[PDB]
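Just one chain is shown here, as structure tokens, and it is the form solved without the ligand.
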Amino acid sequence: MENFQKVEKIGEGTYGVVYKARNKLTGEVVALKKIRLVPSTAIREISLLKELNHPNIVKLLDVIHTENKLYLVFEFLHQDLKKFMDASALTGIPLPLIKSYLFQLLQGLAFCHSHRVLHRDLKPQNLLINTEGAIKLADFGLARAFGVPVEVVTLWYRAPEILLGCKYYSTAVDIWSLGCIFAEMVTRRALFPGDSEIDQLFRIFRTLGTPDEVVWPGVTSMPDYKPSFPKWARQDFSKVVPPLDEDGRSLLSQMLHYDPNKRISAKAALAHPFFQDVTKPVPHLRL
């Protein structure tokens, strides 16, 4: 309103409405996120994210706290990965572009993780793409700052430790989510499309096997673990993500280990043999 020349809804988001807007002073187009309620503890923490700049992170340009309302101003990108995968469904996203995107996303996570910032809620809708071949992660650091959010809150990319009620997060949660997204780019079908917490957890178990103390020391002491969970056998990744090659299947394995401590780091993933032949292709992007 006061500081924007024109504002347009472009979707519901995790914390509130997201608008495409034009800054009145500069004329630039930005993404403006209204945070649905302001807690003073959240304003300082999120303001720190204004300094957290990388080519694969959506730039937080401004934090605007006026009229007892909170807005986040981000750099605008024209499409998200959810929409791009839908648009790409007949053909699939080409493998070199999948590889480019995964490599770039890992660079963004490695950067944020090195600065002790987690995402905690990665999903295709928060991965934004441009016509230049870049992909960028939006909303790093918001989940820690804002806590429990006030439409459905997709569970499909949630790591098993959070589904088992651990109220501790680590960098591994983001690697899990990215592994799920990698698999979805390859197969054209969400890996674990749960529509409740237990369905989500059981979809994971039916593919990866029910975890136990051998593969995941400590699991049976997780808050929401039940000894009565069914015991499913683990499937080979060759059945789960064909026609991904053995480098891709080996990297995905390491991103989807049950024990968060065993999951590959973003920095180590960048060195995986899967990326030996990575390139940066131009996407077929219809805006």
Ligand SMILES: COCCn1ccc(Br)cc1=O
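Superpose the two forms; the largest set of C-alphas matching within 1.5 Å is the rigid core. In case it trips you up, residue 1 is the first one in the sequence shown, and so on.
Just so you know, the form solved in complex with the ligand exists too; it's not on screen, but the next bit is about it.
Interface residue remark: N126 is counted as part of the site for the ligand in the deposited bound form, having a heavy atom within 4.5 Å. Among residues of the shown chain, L252 is not one whose heavy atoms approach the ligand to within 4.5 Å in the deposited bound form.
Residue contact with the ligand in the deposited bound form: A190 places no heavy atom within 4.5 Å of it. Looking at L77, you'd find a heavy atom of it within 4.5 angstroms of the ligand in the deposited bound form. When the two forms are overlaid on the rigid core, CA displacement between the shown form and the other one of 2 Å or more is confined, within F140, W176, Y101, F192, to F140.
For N68, a C-alpha deviation of 2 angstroms or more is recorded between the shown form and the other one after rigid-core alignment. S265 shows a C-alpha shift below 2 Å between the shown form and the other one [criterion: core-superposed Cα displacement of 2 Å]. Here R234 does not count as shifted, since its C-alpha moves by less than 2 Å between the shown form and the other one after the core is aligned. Between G141 and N261, the C-alpha separation grows by 3 Å or more in the deposited bound form, relative to the conformation displayed. Distance between the C-alpha atoms of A172 and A145: shorter by at least 3 Å in the deposited bound form than in the displayed form.
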